[PDB]
């Protein structure tokens, strides 16, 4: 390597170097110098044109591509992407290739480069089942997320299609990495894109409602205000009959709890559309009803009690149709504190005692 330093830049084997760890670490540190920078890449770039794909997937070549991304001309980077865009799948799913593609995305210079990458993710080159596979893959999901954060939501077509296709909403949402990807997508999606996916989520709701990851998807939606006129009715018109069961499961409890708190925030906040507010008021009383009925179960239940304490939490509904609320709540609380000795040993025995004591001093 010391002798290569002596050799003029014209006569270096950049592929042989880049394939080598120490040989690659050498080439990087050269790019990190204004003296010997333009001369380096312009000879590197010329020698590697037919080998971009190789370098991207090479256990040591990828570090050079990433490094070269910070010094490439738009004219030169556009040509790299023109060469490897059909291969974005096998690149993204690769242990070494995922890193290269993320840097290319994070360093795009124009619409043309972006479109090419998008073009390679289209069904012309990459299938739906493969997109789904990328979303859930340990190396692939990092590439999708970069697309999600770097690209305008108008390019999200290939991702959206893979989600709304059949029952894939279970494949993605009920999966470690895929659950995180979907939330990232929904965090920057357009209003239309949120609705298009939200419909599908509603369709397969019973499978997402108590999944160890899917439940985070429902709660995520419950924070989007622009969904109140639709999601609020749909959850209740699909889950109200088993609300007792839903409150006594490890994951669904948290969605019910998130749900109850949303009804409070909307109603108290008014003191949002009147219909939404109105509909929230009927559901809440209907919510309270079921809990009053199943008190002798929910308060003794390992997960149910948490949902119960949330419904009773005066802090949530202190500013409090309002006539019937106090009767439903009163009846609920007035025979709840009648059950404290029935769970004397329990951890949360004295937790509710301070709650019923907080309702008396607010009424």
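Positions refer to the first chain, counted from 1. Each form is matched to the other, and the largest set of C-alpha atoms that superpose within 1.5 Å is called the rigid core.
Structural divergence in 4 other deposited structures of this protein between 272 to 280 and 76 to 84: following superposition by the core, 272 to 280 has C-alpha atoms lying farther from the shown form. Rigid core superposition in 4 other deposited structures of this protein puts the Cα atoms of one stretch, out of 166 to 174 and 226 to 234, farther from the shown form on average, and that stretch is 226 to 234. In this entry, residue 320 and residue 321 are separated by 10 or more residues of the deposited sequence that lack coordinates. Count the deposited residues lacking coordinates between residue 271 and residue 272 and you get 10 or more of them. In this crystal structure, the stretch out of 261 to 269 and 191 to 199 whose C-alpha atoms carry the higher mean B factor is 261 to 269. Higher average CA B factor: 287 to 295, of the stretches 139 to 147 and 287 to 295. When the C-alpha B-factors of 51, 303, 45, 63 are ranked from the entry, the top spot goes to 303. For residue 239, the recorded CA temperature factor ranks within the highest third of the chain's modelled residues. Annotation for residue 245: CA B-factor lies in the highest third of the chain's modelled residues.
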